[PDB]
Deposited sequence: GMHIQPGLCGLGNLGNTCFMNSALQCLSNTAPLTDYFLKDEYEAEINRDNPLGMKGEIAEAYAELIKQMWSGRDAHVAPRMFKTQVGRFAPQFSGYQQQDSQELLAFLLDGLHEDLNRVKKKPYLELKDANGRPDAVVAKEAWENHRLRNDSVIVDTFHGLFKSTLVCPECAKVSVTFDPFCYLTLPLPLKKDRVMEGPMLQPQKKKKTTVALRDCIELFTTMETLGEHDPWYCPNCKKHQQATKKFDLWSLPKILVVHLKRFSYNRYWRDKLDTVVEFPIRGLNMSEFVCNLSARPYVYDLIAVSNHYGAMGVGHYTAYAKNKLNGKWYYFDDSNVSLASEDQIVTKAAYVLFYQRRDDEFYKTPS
């Protein structure tokens, strides 16, 4: 029969953005394995006031089992589409959609529906970064503990400097994806990462001023997850229209060394390999989303264009169409 995971997703009326994001998540082996192991039932959180009563996790679990059964070449994700439209109506209709916006929604929704914290409970003052980061991560896990935290969550350092009182505010914050700005001739992914970590003048509230100030902000990468989701910020949502950057960003297929951008000098080496890409086409109108993904069982690359699954070659993956990159850490 059909090879497991080589399953297209039927377009049900401008759901290409959803399908693209779903193919990327489907080919995230730690996440697919978790659901296929079918022991996640004990972790479904139906009372969580921030979740969807376990219903997003259940519709997702059902769909992945279909996609990895080896019985179908394609499935129509009707239950999943219905559940998304019910909890997040902004994803329904026939206007311009965003694979990253849906991805952010799904990563948060799966996390709360599978959150092991049944009751959520409820300040760097020149202390070492290692101490402040450990504290921030532990406090994060006291509120958020799931397969999503274990697979996609990392930690970044935020430094804010007030222009009035010159007070330097350092915080450690979790992330489940990295939104990379593109420079304003092709660019390298490392240039986009360096741009993300370079200081920029913003507005946030200063605790000493008590007012909103146009403070400088600098990001630093502290710890990185098993699955690094890299969002290339191509879209600009202006008041009356959406802009798109068509720049070719060169990104490695294999051996992405993240270690040079990690400010923790005592940290483990971070080498990553590409597993999936969410692609966008269409300078004008609604546009279209597809995906490249590496099948975990045979190690080959494929193109997923809604219901159509075709064998791909690595030389096709790096184009201006690349929008969201999925990287898996080599452990």
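From the N-terminus onward, what segments of the deposited sequence lack any C-alpha atom in this model?
Missing C-alpha atoms (numbering from 1) occur across the ranges 1-2, 125-128, 191-208, 227-230, 360-367.
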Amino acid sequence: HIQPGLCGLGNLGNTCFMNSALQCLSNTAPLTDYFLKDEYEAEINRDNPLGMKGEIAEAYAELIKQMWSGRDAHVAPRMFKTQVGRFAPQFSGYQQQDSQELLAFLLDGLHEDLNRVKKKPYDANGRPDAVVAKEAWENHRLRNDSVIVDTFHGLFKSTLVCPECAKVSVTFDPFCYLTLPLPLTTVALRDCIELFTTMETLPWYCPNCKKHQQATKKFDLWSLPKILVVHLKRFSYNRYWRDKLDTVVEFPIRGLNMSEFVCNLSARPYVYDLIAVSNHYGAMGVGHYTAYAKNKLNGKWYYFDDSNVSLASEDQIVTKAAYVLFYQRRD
From here on, numbers count along this sequence of modelled residues.
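Of the two stretches 126-134 and 152-160, which shows the higher Cα B-factor on average in the entry?
Comparing 126-134 with 152-160, the higher mean C-alpha B-factor belongs to 126-134.
Please compare 236-244 with 203-211 and name the stretch with the higher mean C-alpha B-factor in the deposited structure.
Comparing 236-244 with 203-211, the higher mean C-alpha B-factor belongs to 203-211.
Maximum C-alpha temperature factor per the entry, among 99, 216, 144, 96, belongs to which one?
When the deposited C-alpha B-factors of 99, 216, 144, 96 are compared, 216 is largest.
Maximum C-alpha temperature factor per the entry, among 197, 179, 223, 115, belongs to which one?
If I rank 197, 179, 223, 115 by C-alpha B-factor, first place goes to 197.
Is residue 330 in the lowest, middle or highest third of its chain when residues are ranked by C-alpha B-factor?
Its C-alpha B-factor, which the entry lists for residue 330, ranks in the middle third among residues of this chain.
Ranking every modelled residue in this chain by its Cα temperature factor as given in the entry, which third contains residue 260?
Highest third.
Which third, lowest, middle or highest, does the CA B-factor of residue 324 fall in along this chain?
Lowest third of the chain for residue 324's C-alpha B-factor.
If you rank every modelled residue in this chain by C-alpha B factor, which third holds residue 252: lowest, middle or highest?
Within its chain, residue 252 is a lowest-third residue by C-alpha B-factor, going by the deposited values.
For residue 292, does the deposited CA B-factor place it in the lowest, middle or highest third of the chain?
Lowest third, going by the recorded CA B-factors of the chain.
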